[PDB]
Amino acid sequence: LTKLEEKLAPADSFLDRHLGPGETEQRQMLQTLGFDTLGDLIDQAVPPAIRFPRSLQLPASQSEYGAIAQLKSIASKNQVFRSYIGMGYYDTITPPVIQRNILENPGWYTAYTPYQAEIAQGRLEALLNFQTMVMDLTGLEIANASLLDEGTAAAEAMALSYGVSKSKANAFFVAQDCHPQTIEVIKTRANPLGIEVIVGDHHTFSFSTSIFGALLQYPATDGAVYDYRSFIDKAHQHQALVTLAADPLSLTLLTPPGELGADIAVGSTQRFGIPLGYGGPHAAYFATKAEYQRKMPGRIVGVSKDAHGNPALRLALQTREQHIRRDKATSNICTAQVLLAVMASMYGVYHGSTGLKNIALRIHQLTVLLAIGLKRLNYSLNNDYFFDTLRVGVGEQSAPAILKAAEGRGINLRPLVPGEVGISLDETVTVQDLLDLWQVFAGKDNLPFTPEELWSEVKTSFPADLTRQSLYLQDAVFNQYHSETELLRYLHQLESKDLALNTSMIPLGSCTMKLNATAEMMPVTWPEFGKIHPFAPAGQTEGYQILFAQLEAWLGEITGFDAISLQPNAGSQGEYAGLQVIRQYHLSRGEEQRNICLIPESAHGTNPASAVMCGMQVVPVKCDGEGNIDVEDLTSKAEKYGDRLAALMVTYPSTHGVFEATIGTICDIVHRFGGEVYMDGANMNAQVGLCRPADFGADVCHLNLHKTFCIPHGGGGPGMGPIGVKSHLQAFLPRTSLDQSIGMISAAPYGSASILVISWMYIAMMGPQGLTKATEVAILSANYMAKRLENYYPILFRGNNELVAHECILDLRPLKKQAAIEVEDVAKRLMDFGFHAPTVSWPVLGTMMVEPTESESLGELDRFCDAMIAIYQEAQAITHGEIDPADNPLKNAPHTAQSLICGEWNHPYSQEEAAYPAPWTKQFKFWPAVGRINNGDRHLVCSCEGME
Amino acid sequence: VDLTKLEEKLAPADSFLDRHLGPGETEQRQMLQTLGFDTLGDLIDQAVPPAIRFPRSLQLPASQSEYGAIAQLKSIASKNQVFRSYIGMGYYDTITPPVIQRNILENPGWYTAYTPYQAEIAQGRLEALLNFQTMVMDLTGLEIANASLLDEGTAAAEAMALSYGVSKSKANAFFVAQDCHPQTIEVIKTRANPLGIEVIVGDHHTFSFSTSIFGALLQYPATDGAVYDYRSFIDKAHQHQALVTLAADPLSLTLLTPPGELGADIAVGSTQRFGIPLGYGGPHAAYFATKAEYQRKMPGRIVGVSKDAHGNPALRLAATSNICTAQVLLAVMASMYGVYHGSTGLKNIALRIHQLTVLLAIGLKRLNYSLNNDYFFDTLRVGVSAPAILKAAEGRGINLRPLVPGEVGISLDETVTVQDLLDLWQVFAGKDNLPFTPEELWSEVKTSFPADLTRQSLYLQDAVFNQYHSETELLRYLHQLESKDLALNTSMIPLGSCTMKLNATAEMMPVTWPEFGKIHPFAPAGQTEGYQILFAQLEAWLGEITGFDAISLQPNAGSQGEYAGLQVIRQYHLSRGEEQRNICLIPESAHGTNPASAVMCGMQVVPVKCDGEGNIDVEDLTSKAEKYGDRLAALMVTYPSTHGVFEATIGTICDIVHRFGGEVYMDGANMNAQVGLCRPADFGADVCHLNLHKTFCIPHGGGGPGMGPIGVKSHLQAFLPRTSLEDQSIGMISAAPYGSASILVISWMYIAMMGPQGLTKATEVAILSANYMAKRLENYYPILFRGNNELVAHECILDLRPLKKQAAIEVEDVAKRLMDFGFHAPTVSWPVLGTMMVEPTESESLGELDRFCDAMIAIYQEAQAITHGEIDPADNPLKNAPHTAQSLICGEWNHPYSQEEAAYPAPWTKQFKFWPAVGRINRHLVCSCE
Ligand SMILES: [Cl-]
Ligand SMILES: [Cl-]
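If you read the sequences in order, they're chains A and B.
Read in order, the letters of the first sequence are residues 20 to 757, 767 to 963, 966 to 978 in the deposited numbering.
Read in order, the letters of the second sequence are residues 18 to 335, 348 to 413, 417 to 757, 766 to 962, 968 to 975 in the deposited numbering.
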C-alpha cells in the first residue's frame, strides 16, 4: 500500500499550501543568498554541536482530507451529554451569525495584539463594548479587556489587593464555597509568595486574623445565593478589599457587586455564547473601583484622539508602579482573550439587556419549577435562595444510583458530598429536559403532578433585597443591532477597519504570524470538541484523551522532553508554570533557599515578572558587545549566587535572533552550580527538526502553540503555552484532574482544550518532513529579507557566515540621526503601503525586528522590502533637504481617505504620493481608519509596546 | 401538550422572527404612524382585496428556535447514510478545498448578492466568472464559453436548441448516443417534444447518416466509461451539415484530446468534479463552450472585458432560450479549484484517478472478471451474480452502478485511496486474501487510453492559474475580489421583483453537513431516508402555502419553473386530445422569460393590454380569450401584478380563461406579498412556480438560478416530472430527480423557524416597508400604480422620467450615483422604462430604509441643481458617478464640485465608506431587467 501509493501521481500536499515560497521561488532566494541548496544554508546557519542528527519520530504526513477524517474518528469517541454539572461552566447557545462571522472568520482570528492601533479600531471597539458590558453588569466603574479564566482572574484580584493594603496582614480569605478549581488556582499562586490562604465559611469568619482581601462566590458553587453586605462591611472595617466572583448572567437579576459595596468583581463570560470547549478558551472579566484603576492588571481599551482631533481607541497598559509591595503584587499578563471577549460582547449586543434578562429569567423559572417538582417527589433542597443551581439531598444510598440513571439519559449531574447532588440549569434547557430530570429522580415516567400545574407555585427564589433594580446595557450599541442583518453589517464594518492575515503579511518579530489553515481550524467548532464540559466523566471524553496522549507524545518528540503538560493557557502561564516546577524541585530536595533566577538583560519583560511571581529574586546577566550572552558575567553571578541558584531563563535562539553555539556550555555551567535551565519557546520556529531544547541542556521549556504551531493569534490572545520537562521534573506538573504537584496553573485541567486540535492537525498534516522544512524555509525567508535590505538598513546580530536565524533586526537609528525620523514614523508610513509594522523597538530600542515566517510568498516578501526601500528614500529626501523635515509623508502617516479628500491640502507632497506610494496599492488599497493616535521607551513588562 | 402550555408561561426565548424582520415592534409602530394607520392589521386589511384574502391561519408546524430547528433537522439528516458511491453517471465525489469551503461557500460576502446588474460594484465575482470561462475555454479547446448553465442535461438541451437554430440542415431529427447519461437523454426528450424535434437514440458506431440530422450529442467518456475516437463520426456529421456536441468530463480533458481538437462544434458538461459537493443532485455549474461562428445564438450570460470612464479595464456581464442567470456561486467555486490546483494539480488529480482505475482493472482481471471497455478514464464496465456483488459492496458502505444483468459499473474519483481499492478487490474476490499483492500490479500499469486521444496541448497557462497556490495567497486573492463587491453584508439591495431578504446563518448551515452535501443523487433509497422526509415535509408545507394539491421540487431555476408549469399545461391538453390548444395569453408588462418559456413549450404568444391605470385590461383579455377560444392553452399571470398591484379582478380573470378552456399559470415573482395573506390556488390558478431563492431565503448566490418548484391542482398532477430514473409525466425538467436538492434545506429551515405566524408577519412587514418608502419618496418621485386605498403591495415604482425632462438625467445616472452613497441600485427600467422598482423586503431595518430614502432625496436635490442652472449639466456628480478613490486623489481636479461632495454626500459615508472599484463602464427582450 505505502509503496504502492508512493508510485501514484502526487496528491495535494499540505506542506505546499502552508509554505509561501514554492520550489522555484526558493531557488531564486537561495541564488540571491549564494547557496546551491537550502540544505547548504541550513548547515551554515545551525551550529553542528546542536544540530539534531536524525528525522523526528512522528507519524507520516496526511492530506487535509485524510487528517480531518482521522480526527473525525477520534472526535466520534467523545460523547456530548446534557451536562448540568455547573462549577463555572454552563452550556450556552452561540448565535449562528456570531459563530459563522466571527469564530469561523479569519478576518477576526488572524491578527495579533493591537500594537498598531490605527489599523485595529474594529476589534478595539468590540473590546470597548466588552468593558462597557462588564461595567454595567458588575456595577463597578473600571473593567479591563479580559483575563485568562475565572481562577486566574481571582488570583489577579488577590495580587491587586495585597498591593493596596498598608497593614501587617498576609492572609487572603477564600470562601470554602468558591468553585474548587478557583481555590486551587489561588493556592498555587499564593504558595511561592508566602501568602496565607484561609479557606473558610463567610457566615462565621471572625476576622480575628488580619486579611488584606477576601474572595466570595456569587452565587456560591453549590448554587446558594447569599447577601454579602454585612461581610463586606466587616471586611472594610478591617481594611480588606472584597472580591466577588460573580456569574455575569446572574447579574441581570441579582444586585451586583458594585451595589453590594464590593471592591473588585471577577468571573467568566463563557455563558455569553462561548462554547464549553472542554475548558476553554473563554474570556474572564475583571472590574474594580476608579480608585484602583492604575493598579488594574492586563490590558484595557481607552478612548483617545487622532491627529485630526477625531475619537480613536488604543489598548492601554498597566502603569509601572514603584513600591515596597511589588514583590507580591506583580502581574505577567500582557494579553487579553480578545477573540472570546469579542464574542461575549457581541452576545450582549445581539441580545440587548432585555434579551439577556429573559435568558436568565427563563433559566431561573425552569430551576424553580425543577425544585418544586423535586420536593413533590420528596427530595430535600438545601439552598434557601438560588439562581440556576440546586443542592439536592437524596439519601447516601441513592446518590450514585441517581447519577447513574441520569447518565442513562445522557445527562450529567454534579456529585456533591454523599447523599447530595447538584444541578445547574442553563440556556439550552427546555421543558422536555425538565421532564427528563423529574423522571430520573422519580424513578418512573409517570409523575404525581402535571408540569403545568406547578406553575402557580413559581415565584422569584432569591430575596427582595438582592433583586436588582438598576439598569444595564442602555448604550445605543446594545440596542440597535438585534436583527441578523444589522449585526452582520456591524460585524463586517468593524472587521473591515482591521488589518489581518487575509490582507497582508504581518511580519512581527518573536510572534510567528504564520498560516492558520482552514483544515486546522475546522474541528474547533465540532460539538464533539466544542460542547464538552471540562468536568464531564472520563467515560465520555475518550476522544480528548486520545488527542492529549498524541499531542503530548508529538510535542515531547519535537522538544526532546520526557513529559508534557497541556494545561498552561498562555505563553506567560507557560513561563510561570515552568518556574513553579523548578521551584518545587528544589523544595523536594529540602533547598528552600534556591531562589535566584539568572535572566539575560535582553529578555522579554514577562520573564522577570514570572520569576517574581514565583518568589524568585532576579539577577540580570549581561549581553556581549557582539550582542551575545556574556559567559563571564554569567559565571561571576553563577558563583556569587552559586548556592542560592534556582534557575536560568534563556531563549533559544536568543532574543537577538542568534543561534548562539555556546548554548550547551551555558547550560553545563548552570547545572554545575545547582540551578535548572528553563527555555522560553518564543523562537521555537527556528528550531523544529533542527534542534531540541532537552538535547542542549534545558530542563524545562514552554511552547507557544499560537506561534510555532498555528493556533491563531486571535486579535491578541494568550493562545496556549504547554510545558515540556525532563523526567526529574515530571512529578511536579500541574494536576490533570480535580502528590508533589504544584497544583493548578489554569482553571481547567487541560486549559483551553478545544483549540489544541489545531496544533494536532498541523502536526498530522505536516509530518516529520513537513515540520522540518517549514523551519528551514522560515530561516531562508528571514535571510532573504536581510540580504535585500542590508545596503539600506544595517542588519544587527549576524552569524556564522553572517546569517540570521528566523528573524532579522533592522537598525533604524541612522534615520533618526540623519533625518530625525523615529521608528514610529516608519511604522505608520508602512500602513500607507498596506502593511502592519514588524515588532518595534524590542529587543533593541529604535530598531525593527522582522519575522516573515515560512508561510509568506516571495512576492509578499519583495513588496515589504520594496516598501522599506521606498521609506529609506523618503528619509533621504528629508536628510538632503529636498522636503520639509516636519511636514512630509513619514511624519503625517497614516493618511486616511478623508484627510486626502476633504478640506484644504497644505502639504509639500501630493495626495497621490501619500496614498499610493507603491504600484500594488493601485490594485488593492487598505484604508487606515484613523489618523495617527496620540502617544518611545518600552514598557518594562510588555516589552514590545510603549511605556504607559 | 402539557409541556406546550407550561412552556408558554416562561420568559420569552430568542425568536427567529425577530432576527429575520428588520423593523422591530417599535420601528413598525413608527412606520405605521407615518402611513396613517394605528395597527399593521388595519393596513393589511386595506392593502389586500377582501375577496382573495386567505381567511385562516396557515396549517404549518409551530415555529421553532434556531437551536431547536437545527437539532430537528440534524435528527432527520442522521437518517441519511454517507456511502462511498462509485456510481458515476455524471456525479463524482470530490474534495472541496477547506479554504474555498470556508471563505466562499460559507461566506455571506460571496453568496448574498444577486446578478451583476450594476457591474461597477460586482467586479469581484465578474473576475471569478471570467476565470471560469477561461478555464472552460482552455479545457474544451473551444473559443467561446459562457458564465455557466444549470446542469449537464439542460446544457445539452441548450446545445440541441443552438444546433437547431444554426444548422443549415433541413432535417428535423437530433441524434443522441445511447451511451449518454440516462438523465441527459430524458432532459433532451422533454425539451424536444414541444418543439416537434425527432430525437433518435442510437449507437454512434453503426449510425448510418442516411437518416438526416441537424445535430448529434455524444458522451466523452461514455456513460459506461468507454473512451471512443469520435473524429470520423464528427466528419460525417459535418458532411450532412449537422453540428456535434460532446458532453465531456472536464477533469478527463486534462488527459484526453478535447472536443475543440476533435472537430466538435459545442462542448457541455458539469463542473461538479471541480470541488463542488455532490449535493444529492446540486447545485453545480454546467459549462457550455462553442465557436465564434456560432456565438450569436449561444444561451445564458458571458463576462466580457470592457473599459471604464478612465480608460481602465473593467468587466461586465454581456430555438429561443429562457435562461437569464448563471450558476454564479458554483462557477466561482469551480474556477477557484482551478486557480488553487493549477494545470499540474488538476492533471495529477486526473492521473491518480486513472492509475487507480487501471490498477483496479488489473486486479479484477486476476480475479477472472471480464472488462468490457477497450479504453477508459475513471470508469469500468465489469461483467460477472451482480445483485450479490452490489449487496456485498453495500456491506462495506459502497455503492456500485447496476448496469444490465451480469454487469456492474465502477467510477473512481478524487477521494479514492489504495485502501478503497483494496476494499473493491476484496468485494469482488469474496475474501480478504488476494492472489496478488497491490504493489506487484504496478508493473502492468499503463495509460489505458490511446495515443490518438492522448492530449498534448496545454491549459490554464495564464498567470491567475499559477500564482495563488499557497493557502495564504488564495485567501488574500479571495478577500480582494470579495472586497470589490457590494453584497447584503454591506447594505440593502432593494431590487424590485428579486426579494433580497435575509439568508440566515441557521438556514445556510445544514447545506454543508455531509449528510446532505455528500450524497450521490442516484444512491439507493435505503440510504436517503432523511432526504425523503425533507422532501415530504417541504412538499406538504409549500402545498399549504400555495393551496395546491401537489408539488414538484425538481425544477432548478425560476425559469425552469415557468417552463415546467407550461409543459404540464401542454400535457394536460394533449391528454384531452386537444393539441390545437397552444395559444398563451401574456400581459404586455410580463418579464421576458415568460414568453420565452411559452415559446420553448411550442406555444404561440398573444399579448394582453394593460389598462389606462396599469391593470390587466379585462375587456381586452375577454376579447382575446373569446377570439382564440378554440385554441386557448393558457394565461400567464404574476400576482400581485408586475406593476406591484393587488388587482381585485384576479379571480374574474381566471374565470374568463377557464370559461374558454385555458389553464392559468401564475409566475411566483411576487409571492413575498402573498404568503399567509392569499393563495394562488384559491383565486383560480391551476399551477404556479415559487422562487425559493426569493421568497424562501435561498441565497441569490451572486446571480444564481436558485430553485423553482411548481405547485399544481389535482387534475395536473399526473403530468409532473419524474422523481426517479407508461405514465403521463412530461419527463425530466432537471438532470437530477430533485434538482439542486442540498439547498432545499434552506427553505425547510426558514419555514420551521418562522411557523405560520412568522411567515405571515414577514409578508405583512414587507408590505409595510414598501408602503413606508413610497410615502417617504412620493413628494420627490411620483409613485406609479397604487392599488385600492392608494396602497402599494411589497414594492413601489418610482418615476424617474421627470428628471430626464427637467435635468436630462437618466435612470442610469441615478443608479451609479447611489454607489457613491454606498447603495446598490433597485431594479432599473423594468417593468416601466425610465423608472426604478424598489423592494425593501421585511428584513431591512427602519434605519436602513431611511438612509436609502435620504439618498434618493439627496439625489433629487442634485438633479434640481442641474435643472436650476446651479451646476454644469454635463459635469456633475450624477453624470460622473461612480467616483473611485483614485479619481478623487490622482491627477488634476477640474470638476465644478468638490471631491468631498463626490465621495461623502451623506453623513453615514463618513462613518463607513464603500469604494466603487471602477468608474462608469462604457432593454433586453428576454432578460428584461437589463
Ligand atoms: Cl512526512
Ligand atoms: Cl408559529
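Where a beta carbon is used, it is the ideal one built from N, C-alpha and C, also for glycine.
A residue is called buried once 16 or more other Cβ atoms fall within 10 Å of its Cβ, and A:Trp870 is buried on that count. Beta-bridge analysis with DSSP links B:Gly286 to B:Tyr304.
Pairing B:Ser782 with B:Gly549 gives a Cβ-Cβ distance under 8 Å.
By the Cβ rule, the region 912 to 923 of chain A counts as touching the region 935 to 951 of chain A, because three or more pairs are nearer than 8 Å. By the Cβ criterion, the region 117 to 131 of chain B is in contact with the region 113 to 130 of chain A, since at least three pairs of Cβ atoms, one from each stretch, lie closer than 8 Å. Shown here, A:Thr486 sits in a strand according to DSSP, grouped into three states. In the structure shown, the three-state DSSP call for B:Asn521 is coil. Shortest Cα-Cα distance from A:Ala233 to any of A:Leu263, A:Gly213 and A:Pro211 involves A:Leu263. For A:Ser269, the secondary structure class from DSSP, reduced to helix, strand or coil, is helix. A:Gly795 has its CB nearer than 7 Å to a heavy atom of ligand 1. Taking every protein chain shown into account, the CB of B:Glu835 has 16 or more other CB atoms within 10 angstroms, so this residue is buried. For A:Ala792, the CB stays at least 7 Å from every heavy atom of ligand 1. In the DSSP assignment, B:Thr207 forms no beta bridge with any residue.
Put simply, the CB of A:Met789 is far from chain B, with every gap to its CB atoms at 8 Å or more.
Neighbours of A:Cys930 in chain B, taken as residues whose beta carbon is under 9 Å from its own, are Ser938, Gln939, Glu940, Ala943, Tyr944 and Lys950 in chain order.
By the criterion of at least three beta-carbon pairs nearer than 8 Å, the region 516 to 530 of chain B is not in contact with the region 63 to 71 of chain A. C-alpha of B:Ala303 to C-alpha of B:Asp282: approximately 17 Å in a straight line. The Cβ atoms of A:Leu358 and A:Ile442 lie no closer than 8 Å to each other. For A:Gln256, the closest C-alpha among the options A:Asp266, A:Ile230 and A:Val244 is that of A:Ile230. For ligand 1, no non-hydrogen atom lies closer than 7 Å to the CB of A:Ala589.
Here the C-alpha atom of A:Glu472 lies approximately 29 Å from the C-alpha atom of B:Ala792. The bridge partners DSSP lists for A:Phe191 are A:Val216 and A:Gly232. In this chain, the beta strand (DSSP E) harbouring A:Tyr697 covers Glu695 to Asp699. Within the same chain, Cβ atoms closer than 8 Å to the Cβ of A:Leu453 are found at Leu385, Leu388, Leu389, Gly392 and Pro470, the five residues on either side in sequence being excluded. Listed in chain order, the non-local C-beta contacts of B:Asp407 below 6 Å within the same chain comprise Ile382, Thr386, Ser443 and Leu444, local neighbours out to five positions each way being set aside. Counting along the chain, B:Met152 sits inside the alpha helix (DSSP H) bounded by residues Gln140 to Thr157. If you draw a straight line from the Cα of A:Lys394 to the Cα of A:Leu400, it is about 7 Å long. In terms of Cβ geometry, A:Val600 and A:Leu724 do not form a close pair [threshold 8 Å].
In the structure shown, the three-state DSSP call for B:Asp325 is strand. In the structure shown, B:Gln89 adopts helical secondary structure according to DSSP, grouped into three states. Taking the Cα of B:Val496 as reference, the smallest distance to any Cα among B:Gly367, B:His222 and B:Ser973 is reached at B:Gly367. Check the Cα spacing between A:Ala79 and each of A:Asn811, A:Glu547 and A:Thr800: the tightest is with A:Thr800.
Inter-residue distance for A:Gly661 and A:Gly597 is about 21 Å (C-alpha atoms, whole angstroms).
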